[PDB]
Structures are given as C-alpha cells and as structure tokens.
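Derivation of every value follows stated rules applied to the coordinates shown; laboratory data play no part. Note that each Cβ is placed from the backbone with ideal geometry, even for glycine, and that neighbours are counted across all protein chains shown.
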Amino acid sequence: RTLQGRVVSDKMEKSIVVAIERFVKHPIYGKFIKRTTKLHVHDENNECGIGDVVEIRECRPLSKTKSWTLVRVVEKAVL
Amino acid sequence: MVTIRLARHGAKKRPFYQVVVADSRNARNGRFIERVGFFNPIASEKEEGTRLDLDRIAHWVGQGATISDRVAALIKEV
Amino acid sequence: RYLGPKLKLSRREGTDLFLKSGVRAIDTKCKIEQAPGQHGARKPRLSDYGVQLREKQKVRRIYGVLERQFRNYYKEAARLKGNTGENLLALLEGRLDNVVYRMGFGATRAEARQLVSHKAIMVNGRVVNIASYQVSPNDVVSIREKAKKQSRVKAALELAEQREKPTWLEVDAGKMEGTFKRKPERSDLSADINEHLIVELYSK
Amino acid sequence: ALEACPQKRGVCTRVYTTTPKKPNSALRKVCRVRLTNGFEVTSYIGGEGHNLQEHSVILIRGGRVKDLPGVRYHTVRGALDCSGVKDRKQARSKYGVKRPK
RNA sequence: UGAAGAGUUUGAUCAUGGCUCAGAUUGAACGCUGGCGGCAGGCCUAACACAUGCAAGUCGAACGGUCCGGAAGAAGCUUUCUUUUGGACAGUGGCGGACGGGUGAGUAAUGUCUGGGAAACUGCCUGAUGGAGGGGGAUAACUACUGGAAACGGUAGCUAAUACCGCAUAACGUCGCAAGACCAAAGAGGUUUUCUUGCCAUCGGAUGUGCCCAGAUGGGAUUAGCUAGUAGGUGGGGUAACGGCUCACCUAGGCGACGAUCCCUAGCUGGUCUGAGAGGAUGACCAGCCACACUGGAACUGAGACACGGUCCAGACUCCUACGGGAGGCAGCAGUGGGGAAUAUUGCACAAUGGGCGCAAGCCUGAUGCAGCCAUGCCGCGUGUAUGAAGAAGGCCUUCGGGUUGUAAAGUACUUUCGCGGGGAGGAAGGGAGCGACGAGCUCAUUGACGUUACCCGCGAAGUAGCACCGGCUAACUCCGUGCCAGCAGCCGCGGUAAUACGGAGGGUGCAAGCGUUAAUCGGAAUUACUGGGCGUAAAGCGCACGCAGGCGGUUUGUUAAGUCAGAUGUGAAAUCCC
C-alpha cells in the first residue's frame with residue numbers, strides 16, 4: 001500500500017516518522033473528518049529529512065514498529 | 001474428509017434428501033459445499049425420483065470426495 | 001365467528017337478516033319487530049356514529065365474519081381502483097363459504113362455512129376447506145363425490161331445483177356443480193346495506 | 001418491585017389503621033411490609049375484613065390508594081397467610097374467595 | 001403504494017411540560033371461573049445444597065488363563081479325565097476419552113463483527129514418486145513369597161510383538177561456501193507366488209486452525225495527565241512462528257480532550273420484536289464463535305484438551321471409618337429439597353436417520369425417536385352447536401304498556417366429542433440369507449411404531465359451567481336499601497331522600513376459560529428535532545475585547561490525484577432483514 005505523508009521528525013537513525021493524513025465522512029453525520037497517523041518508515045540512506053513529503057509502501061517488517069519503507073520523495077520541503 | 005451424503009430436508013410428512021458434497025465434520029443439515037442433486041424416498045412430489053447430475057459428482061469423485069453407502073446406491077443408479 | 005343467537009341480531013339491526021328460517025313466519029322479526037333485551041320496546045335515540053356503526057354491523061352480520069378480516073377486506077377493496085363500496089361487496093361476495101350459499105349447497109352462510117370446513121366442497125377439482133377462500137371467475141364449485149350421498153346436501157340441492165340463481169352465477173342441480181361467472185355489482189346485490197354509511201364509519 | 005417483578009413477598013411489621021384524605025373519612029386497613037427486596041413500604045388491605053397479624057407475611061401486588069397518600073401497593077388476598085374474604089359473593093376474582101357450593 | 005391518538009394543570013382560553021391509556025413479546029405465575037381435540041411449549045427466582053440410576057467402549061485375523069456353550073475320545077456303566085471349538089468376562093497389548101451434550105458466571109477485548117496479509121501447522125482421508133537389507137536390547141501377563149482391615153503394595157524368577165535402539169541403500173531433504181558435505185524406515189492376514197490391511201521418506205490436494213493488520217463495537221470525567229521496560233536501537237534467550245514476549249547494554253522516548261488511564265455494566269454476533277423510514281429494544285428457541293464444570297491456581301502427555309467421568313497443590317463441605325486412613329461433588333439427563341407468585345414423567349424404546357470402532361459379522365449410542373403430567377400458548381367446538389310453538393311456565397329487563405333469554409327455559413339429533421372393539425402408517429429400508437470373488441449390482445425374507453401413537457373402519461351415551469363489569473374513557477339498566485353514612489375511584493369525580501360510579505336484586509355487556517387483572521419491552525415525543533426544533537417577554541446566547549487550534553474563504557494556470565466518482569474482479573460468513 002502506498003501512503004503519502006510528511007516527515008515530522010528525523011531524530012532517529014535510518015528511521016523517519018511520516019505523518020499521513022486522510023479525509024473520511026462521519027458514519028452518522030456524514031461530514032468530512034480529519035484524521036492522521038504516524039508511521040515509522042525505513043530510510044537506510046538517511047536521504048529523507050524533516051519537511052519532506054514522501055511516499056510510503058508496505059514492506060517486510062524491519063521491526064515491531066517499522067513495517068514500511070521510503071519509496072520516493074514527492075517534493076523538497078514544507079515544514 | 002470431504003464426503004458426499006444426503007441432506008434431509010425432513011419435515012412432518014415431507015422426506016427429501018439432498019445428495020451434497022460436504023466435509024464429514026459439518027452437521028448432517030449444516031453448511032454444505034455444493035449440491036449435486038436430490039432424492040425422494042417416496043417419489044411423490046415429482047415423477048423425477050432423483051437427479052444425480054453425473055458430470056457434477058464425477059468431478060468430486062477423484063478430488064477426494066467419498067460417497068456414503070446409501071448415497072452410493074442412489075448415485076450408482078444415475 | 002359470533003356463534004350464537006342469530007335470530008336476535010336481525011331485530012337489533014332493524015332489518016330482517018337471512019340467517020336460517022327467515023322464510024317461515026317463525027322469524028322473531030315477523031312476530032315482534034324490535035331489538036333484544038328489555039330496552040327493545042323503548043324509543044331508541046340513534047346518533048350519527050350510531051347509524052354508521054349499526055350499518056356496517058348488519059353488513060358483517062349477514063356474511064357472519066369477524067371484525068378483523070371484515071376490516072382487512074375493507075382496506076384492500078379501498079386500495080384497488082374503482083368505487084370502494086362496489087369493490088367491498090365484491091370481495092365479501094367472493095368468499096367460498098358465501099358462494100356455496102348463493103349456489104344453494106347450504107341453507108345459509110353458517111351451514112356453508114361448515115360444509116367447506118368439512119372438506120365437503122371442492123373448487124376446480126382440488127378440495128378447499130377454507131371459508132375465507134377468495135373465489136375468482138370461471139372457477140367451478142361443486143360438491144364432493146363422496147359428499148354427494150349425504151342427505152343434508154341431497155335435500156338442499158333438491159330444493160334448489162326450479163329456484164333461480166344470481167346473474168353472476170350458474171349452477172347445475174343435476175351435476176350438483178356451479179360456476180362463478182363474474183364479480184357481482186351493487187346492482188345485482190339487493191342487500192339492506194348502504195355502502196356509503198359503512199365507509200364513513202371507518203373514516204372517523 | 002425493584003427487580004421489576006410482578007409480585008413480591010414480605011413480612012408485616014404492624015397492622016394499623018389509617019384515615020383517608022380531605023375529601024374522605026374512614027378507617028382504611030393498612031400494614032407496613034418488609035419485602036424481600038429490602039424495602040419497608042405500606043400496603044392497603046382490600047376487603048371488609050382480614051386476618052393479618054404481626055407475622056402475617058403477605059405477597060404485594062402494587063397499587064396506589066388515592067385516599068391514603070403513600071400506600072402505592074395493594075395486598076394480594078388468597079395467597080400465604082392472607083385468608084381470602086369470607087362470604088364474598090361478588091369480587092371473588094379479587095381478594096381470593098372460592099365459589100361456594 | 002408509505003404517516004387518522006386520546007385523558008389530566010383554567011372559572012374559561014392558548015402555549016409549555018410531565019405523567020397516563022388500548023399494541024406486540026416474555027424458558028411464568030397468583031386470584032376466581034373447566035369439556036374436549038391438534039400442534040407447540042415448561043424453575044426468567046439460590047452456579048443453593050443434593051438421595052438414587054444413567055451420561056464410552058470396542059477388538060481373540062495381538063497373547064496366555066477363568067467363566068458360559070457345543071462336538072469328538074480313553075470306559076461295559078459311573079467317577080475321573082483328554083482333544084477340538086464358539087462367545088465373552090478378568091489380565092496383557094491396540095485405539096478412543098480434547099467429538100457430542102450442558103451452562104453463561106466471567107469478559108470491552110482484533111473477544112466478536114467485516115475485509116485483507118503472512119514470519120505457520122494440519123492425525124485419519126485423497127493424488128503422485130521412491131523404499132522396506134542385516135542385528136541387538138527391555139518391561140508385564142504368568143510363577144513363588146511377604147505386608148495390610150481395606151485401597152493397595154514390596155521382593156524374587158520366566159517371557160513375545162505393527163513396543164525401543166545401533167548400521168546400510170537416498171528417490172530426496174538439510175547445512176557452509178557457493179554453487180560442497182551429511183541423514184530414513186515394524187508386519188500381519190489370506191480365495192498365499194497373487195492380492196488384501198498396515199508401515200518409512202518426500203511433494204501436492206482436501207479440510208480444520210495458530211498468528212498479524214485497516215475499520216466498526218455500551219454508560220460516566222463529580223476518572224485526566226499518565227508511563228520505566230515504559231517507548232525505540234543492537235545482541236542474545238525463547239517458541240511451530242513475529243514480537244521487550246524475556247534478559248544484558250545503549251538511547252530516552254512513547255501515549256493523551258480524534259479523551260489514554262480508572263470505574264460501572266453486559267457473553268458476542270447473526271438475528272428477535274417494533275417502526276413508513278431512520279431508529280429503538282432485545283439477542284430466549286435454532287445456527288457460528290467465545291468462556292466455564294466443588295472454589296482458586298498450575299503443569300504434563302498430545303494433531304488438537306492446560307483437558308466433566310486425567311493428574312498435581314491450596315481451601316471448604318458431605319459421607320465411610322476397628323479414626324490408622326479413605327470415597328466424592330447433577331451450571332450432564334430425569335428427579336428431590338430449599339427458595340419462590342411459579343414451571344412436569346426418578347416413564348418406554350432403538351427398528352429409522354445420524355455418530356464412534358471393526359474387513360466384515362457385529363457391538364455401543366435416554367444423540368434421538370415417542371409416551372405421560374400442566375389448557376402455558378396457538379388452530380377446528382368453555383359455559384354450546386343446529387333444530388324449534390304468533391310463543392300457555394322460569395330466569396333477565398321494564399317508561400309496568402311491554403319486551404328479552406326464545407334446544408322451552410322439556411325434548412331430540414348433531415361438529416361429533418369422550419369410551420369400547422378391530423386394523424394399524426411412515427412422511428426410510430437394511431442388518432441376515434440366495435446369485436455374483438461373503439466386492440459392485442441384482443433378488444428375497446423377517447421385523448411396526450419407539451418393545452402399538454396417528455389415521456381408517458365399527459359401536460356408541462348428550463354427556464359440566466362461571467367469572468369480570470354496566471358514571472365518563474369502556475360496549476352494558478332501574479328498582480330497593482343506605483344516606484358525606486357506609487363506601488367507590490387510573491384521571492376528571494360521585495354520595496347530604498329520585499346517586500345508573502355504595503350493598504343487594506331483575507336485566508344487560510365482555511370473555512366464550514378466555515376474558516379481565518398484575519408485571520415486563522417498543523413507538524406516539526418534531527419533548528435533543530441528521531430527516532423534525534428553538535434562545536426580546538414563555539426554559540435558553542456567553543458582560544466586553546482580543547486571540548490559538550479548528551471551521552469557512554476571492555481569482556487564474558499546471559502537475560500529482562490522496563479524498564471523491566466510475567468499470568471489472570475477489571469476498572461478501574452462513575443465517576436474516578427485503579421480495
């Protein structure tokens with residue numbers, strides 16, 4: 001699965017957290033609601049930095065919290 | 001073990017068995033895999049006593065599906 | 001059904017309903033003309049709701065049916081197209097037990113209802129033991145071959161001879177059979193009922 | 001009724017008499033009952049005469065007495081120690097009174 | 001094709017607002033009233049305590065004895081005794097008990113519901129490939145002896161297997177490097193040189209599962225900051241397998257108003273009922289899943305139970321006891337007692353269907369198939385049905401003229417109950433035997449209800465009946481008695497000499513054992529209103545400014561297109577809702 005998000009942190013090594021956001025309708029009201037999720041993607045080449053909106057795909061669970069890996073960087077920077 | 005027996009729709013004054021191929025574990029009148037025909041002991045409802053549909057069962061036969069003693073008789077009658 | 005004194009309902013309704021010996025001068029309505037009870041002599045004071053109520057009453061009493069189905073058939077007849085009043089009698093007149101009565105197989109609807117339940121009546125070959133059965137046109141209603149011997153029907157059909165039948169029907173005393181030509185209109189039926197008063201009541 | 005049960009037993013604490021409200025005046029028979037529910041409420045005693053003592057133990061039905069503010073329950077005569085009314089020709093279905101031969 | 005509420009706050013009116021009434025359902029009942037017949041159904045209160053019986057065995061084509069039965073011998077007869085053989089019990093050996101059946105306490109959690117993913121497994125069964133050479137060892141039964149009241153136990157001696165172990169062949173498989181080395185396996189039975197049953201290793205199929213993931217899953221914040229393996233990394237340990245799951249070291253984070261944590265409640269779901277729909281309530285019968293069997297905890301053996309008739313430990317109870325010491329626990333079936341308003345035969349039986357084991361014969365199977373008790377409910381008949389005199393009696397009502405009940409209120413016949421006699425169903429045929437290789441197939445016979453009900457035929461007597469209510473809502477009237485007196489009442493009220501609402505009587509309505517009554521669930525309420533609403537005076541705008549998050553936001557172009565929309569496909573748990 002390909003997910004789009006932002007790099008809200010690049011503190012850890014080879015591990016970058018991507019804040020993916022989506023828009024879904026309320027099961028009752030129906031009005032759109034904003035919901036995000038943090039995913040620890042792998043980045044061995046430490047290429048992606050904070051503010052980078054990259055793509056995320058499902059890969060072999062590098063760890064318990066990391067089951068995704070960096071694919072391609074959409075833009076350059078948007079802190 | 002996938003077996004091919006009869007599914008009794010049995011009702012007060014209404015005996016009808018459904019020769020179906022299902023797992024041996026499942027109940028006699030539980031969820032079946034696929035029906036191959038029917039059986040009417042009295043053959044009163046319709047003139048067509050049974051409809052084995054050879055080609056159908058001919059598939060399960062060899063796939064690992066075993067037929068009971070009673071059903072085998074009806075099946076053999078084709 | 002009500003199951004009880006029918007010779008009292010006639011007077012109560014003011015009109016002489018045909019329950020049984022309505023022909024003989026024995027019918028209480030012929031001897032004394034007034035509702036049952038002690039207050040049958042006193043001058044009654046009916047109101048609007050009164051005329052409508054007592055109206056459908058005699059209507060349902062004639063066919064001798066429950067208030068439930070009688071109300072159900074009303075909703076149906078009122079649903080389909082055409083004048084409700086007309087359709088009303090149509091459905092009620094379509095009842096198997098009722099048809100049998102019109103055919104002459106039974107002395108009355110009460111006895112007819114019994115004949116039906118006793119499987120002593122067939123419809124288009126197959127037997128029907130449900131009085132609430134809706135008889136459609138072109139359907140033949142004859143007596144059971146095994147019931148062709150019972151003295152009761154043997155005397156009923158015997159009197160049926162020379163007796164005329166409704167335009168919406170046609171029986172054959174010989175074969176003891178019968179046919180339901182079509183649905184009877186209000187013109188054919190000569191009942192002491194005001195289809196316009198029975199409808200207003202259910203309006204409320 | 002607490003458990004929302006149709007009926008509930010209870011041991012009477014005292015079988016005293018009470019007087020109706022403003023619009024009435026009499027000696028209505030009542031009795032405090034300690035239902036198994038854990039509550040001690042007062043119930044009215046229907047009939048022209050009863051035989052309830054201190055250790056009566058009678059089943060409670062549930063009915064408010066417009067005359068006695070508080071009595072929201074009625075006693076079921078014909079059950080337990082509560083002997084049904086005697087010579088009750090009319091209300092036998094209530095008060096519990098077998099039809100005389 | 002789908003939508004009509006009413007009563008009560010005023011002296012009167014409108015508005016607001018709460019309560020209340022008839023509806024459907026519930027593994028019930030009490031109060032008083034009983035005939036019958038089909039079908040269906042039965043402790044919803046103490047997981048309270050339990051007498052008694054039952055709830056898994058089956059194999060001699062595994063092996064020695066005993067019990068039961070048959071046949072043939074040594075004998076003139078008897079005693080005694082020998083051989084062969086059938087069944088089975090005791091023992092030894094094999095398989096099974098984690099399937100089925102019961103209950104719902106506990107449980108908010110991927111436990112469940114819905115769709116996916118993979119770091120997996122799967123006895124028996126099915127398809128395909130290959131193989132089964134030689135050898136060695138052990139413990140019971142049995143025999144002898146001893147201890148104990150018993151349970152049961154100690155010692156000595158003999159002995160076999162599809163019981164255990166060592167070596168080869170390698171179809172293969174495993175491991176390092178990279179493109180090398182290592183590691184398997186028991187027969188038996190016969191129509192015995194031909195098959196049958198079974199085994200060893202590998203791949204696949206079938207089927208059943210372990211684990212992970214997105215979304216969804218009640219009430220309260222008068223429950224808010226919480227957390228130390230607690231969050232992440234490396235290595236290791238551990239498991240069938242991922243994972244701090246566990247350990248060492250390092251880093252120091254992780255989670256929270258999209259409300260964690262804590263507390264309360266409840267098996268869940270599909271569904272059930274209700275409603276126009278939405279939605280609400282519920283989830284009892286049946287089907288799936290989960291959890292639990294004296295209370296609590298834990299582990300082993302195994303494909304699978306952490307396992308009711310398996311085991312270990314802690315605690316209480318009951319029973320047995322020469323008190324030394326043992327035997328159990330029906331929230332399994334029936335049943336008992338207690339409790340309660342209250343819910344049944346400690347009955348009959350296996351042929352059918354289905355299930356376990358066996359090649360088969362055959363055995364086991366209160367799973368189940370039926371009957372009994374109770375109208376608890378529904379269907380064709382509670383107090384009757386049909387017939388019947390211009391109607392002389394009795395009960396009922398009455399303006400006292402009359403009218404009504406009109407088998408007569410008598411009888412008679414009945415739908416035709418009940419009861420008696422006969423026949424006796426399956427809405428299912430085999431097991432066995434004959435033909436055929438006791439295989440397929442064909443043929444035939446026995447056995448009927450469940451160790452006799454239903455239904456059919458015949459005979460046949462009319463063969464009980466009561467309660468509630470009658471002011472209004474509630475359908476159904478006056479006289480008499482009493483007299484704010486006694487009493488009635490859900491609400492509005494009624495009764496002080498004419499009371500239809502008090503007690504009685506005549507009459508009438510309802511029920512037609514149901515109807516009333518009591519209790520419980522849903523909507524009407526557009527009174528939280530998303531569809532359906534309001535805030536000057538009726539309940540209701542923050543005192544103001546400003547400002548964070550959030551919501552909303554002018555115009556033009558391009559890329560992406562995540563949301564959104566469309567086609568196809570997979571699943572759409574099953575069941576149901578809807579038709």
Please identify every one of the trypsin sites (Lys or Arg not before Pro) in the range C:48-121 that sits in a loop by DSSP and has no more than 11 other beta carbons within 10 Å of its own beta carbon. C:81
Under 5 Å between amide hydrogens, which residues at least 5 positions from residue D:31 or on another chain qualify, with H placed 1.01 Å from N in the peptide plane? D:43
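Antiparallel versus total DSSP beta bridges in the range A:14-79: what percent is that, nearest 5? Each step should come with its number before you reach the end.
Details: 15 of 17 bridges.
The antiparallel fraction comes to roughly 90 percent.
Divide, for the protein assembly as shown, the radius of gyration over alpha carbons by 2.2 N^0.38 Å, where N is the residue count.
Details: Rg = 40.7 Å, N = 462, 2.2 N^0.38 = 22.6 Å.
The value comes to 1.80.
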Could you let me know the centre-to-centre spacing of the range D:86-101 and chain A, using Cα atoms, in angstrom? 84
Considering only C:65, C:100, C:51, give the residue with the highest GNM mean-square fluctuation for chain C, with springs between Cα atoms whenever their separation is below 10 Å. C:51
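In terms of the Cα gyration tensor, with a ≥ b ≥ c the square roots of its eigenvalues, is chain C rounded because a/c is under 1.5, prolate because a/b exceeds b/c, or oblate? List each step's numbers first, then the result.
Details: a/c = 2.14, a/b = 1.37, b/c = 1.56.
Oblate shape, in that a/c is at least 1.5 and b/c is the bigger or equal ratio.
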For the range C:167-176, 3J(HN,Hα) per residue [Karplus equation, 6.51 cos²θ - 1.76 cosθ + 1.60, θ = phi - 60°, Hz, x = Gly/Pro]: 4, 8, 9, 5, 9, 10, 2, x, 7, 6
What is the total of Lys pairs in chain D with C-alpha atoms under 22 Å apart, excluding same-chain pairs fewer than 8 positions apart? 16
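Can you tell me what percent of all Cα-Cα pairs in chain A are more than 16 Å apart? Mind dumping the intermediate values first?
Numbers: 1513 of 3081 pairs.
Roughly 49 percent, rounded to a whole number.
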Looking at chain A, which GluC sites (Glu not before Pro) are in a loop (DSSP not H, G, I, E or B) and have at most 15 other Cβ atoms within 10 Å? A:13, A:44, A:47, A:75
Could you work out Rg/(2.2 N^0.38 Å) for the range B:28-78, with Rg from alpha carbons only? 1.19
Along the charge dipole of the protein assembly as shown, Cβ charges K/R +1 and D/E -1, which of B:62, C:137, A:56 sits furthest on the positive end? C:137
Sites residue D:25 and residue D:1, calculated FRET efficiency, Cβ-Cβ separation with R0 30 Å, nearest 0.05: 0.45
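Grab the alpha carbons of the range D:1-57, take their convex hull, and tell me the volume per residue in Å³. Show your work: numbers first, answer last.
Values: hull volume 5.8 nm³, N = 57.
Given the Cα convex hull of the range D:1-57, per-residue volume reads 102 Å³.
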To the nearest 0.05, how large is the calculated FRET efficiency for residue C:192 and residue C:126 if R₀ is 30 Å and r is the Cβ-Cβ distance? 0.25
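Taking the Cα centre of the protein assembly as shown as the origin, how large is its charge dipole in debye, to the nearest 20, when only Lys and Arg (+1) and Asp and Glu (-1) carry charge on their Cβ atoms?
Details: 94 positive and 51 negative charges, 571 e Å.
In debye, rounded to 20, the protein assembly as shown gives about 2740.
Once the Cα gyration tensor of the range C:105-157 is diagonalised, what are the square roots of 5 times its eigenvalues, in whole Å and ordered largest first, as equivalent ellipsoid semi-axes? Before the final figure, lay out each step's value.
Working: eigenvalues 58, 32, 20 Å².
That gives 17, 13, 10 Å for the three semi-axes.
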What FRET efficiency comes out for the pair residue D:37/residue D:93, r = Cβ-Cβ distance, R0 = 35 Å, nearest 0.05? 0.85
